[PDB]
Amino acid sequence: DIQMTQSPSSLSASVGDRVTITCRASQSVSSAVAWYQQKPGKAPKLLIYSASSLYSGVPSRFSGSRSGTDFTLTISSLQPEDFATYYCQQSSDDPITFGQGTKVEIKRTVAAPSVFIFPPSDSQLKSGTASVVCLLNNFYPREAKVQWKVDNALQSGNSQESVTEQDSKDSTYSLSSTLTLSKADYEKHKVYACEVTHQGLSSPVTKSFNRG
């Protein structure tokens, strides 16, 4: 079974840059290799077929080339519409296999997050469970660290994070971290805090509240 090792899995670039995405096949696949673009919530679109032929209707700034088992997708002048996933694919043998994907994200200035913490609502507590939400809004880059502290006891294993895709206007991210507790566990502590670490902040920022 032929593996398509794609790299880099993620890259950060500006409009007008040149972008090179590479894919290494674990065996000879000749030229039965294709490149696809996918945007969130949409089906993939074909870009390059048979390793180096540009598909009808694709802007000429895209191009692919072959050198042995090394395949290369090149965008000569990155455009606004070009930020998406790119997947390589081999179809020379059963099974058809894809690369793991390359997300091309827009570059911009570092922006610190605005941090907000939300106590669990009264209506949710009547159900016996308590969710505490920490929000990090419009920051860049994506790398951010959130840690929950409950009466300054560090929490682990009881939180989940979610991140938006880059905003269409300002190209920033937002992150939500949710701390889930039983109501009984929630009611035996007082000070709930989330502490955020990010490039744009000179030191960690802590938002907190007292239950009640």
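Sequential numbering from 1, following the sequence displayed.
Checklist line | Stretch with the greater mean C-alpha B-factor as recorded in the entry, comparing 143-151 against 158-166 | finding: Between 143-151 and 158-166, it is 143-151.
Margin query: Tell me which stretch, 54-62 or 38-46, has the higher mean Cα B-factor listed in the entry.
Written below: Per the PDB record, 54-62.
Margin query: Which third, lowest, middle or highest, does the C-alpha temperature factor of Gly99 belong to within its own chain?
Written below: Middle third, going by the recorded CA B-factors of the chain.
Notebook entry, point to check: Is the Cα B-factor recorded for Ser182 in the lowest, middle or highest third of its chain?
Noted result: Lowest third, going by the recorded CA B-factors of the chain.
Item checked: Lowest, middle or highest third - CA B-factor, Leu78 -> Top third by C-alpha B-factor.
Next item on the list: Would you check the entry's CA temperature factor for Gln3 and let me know if it's in the chain's lowest, middle or highest third?
Entry: Within its chain, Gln3 is a highest-third residue by C-alpha B-factor, going by the deposited values.
Next item on the list: Can you work out whether the C-alpha temperature factor of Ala112 puts it in the lowest, middle or highest third of the chain?
Entry: Tercile = lowest for this residue's CA B-factor.
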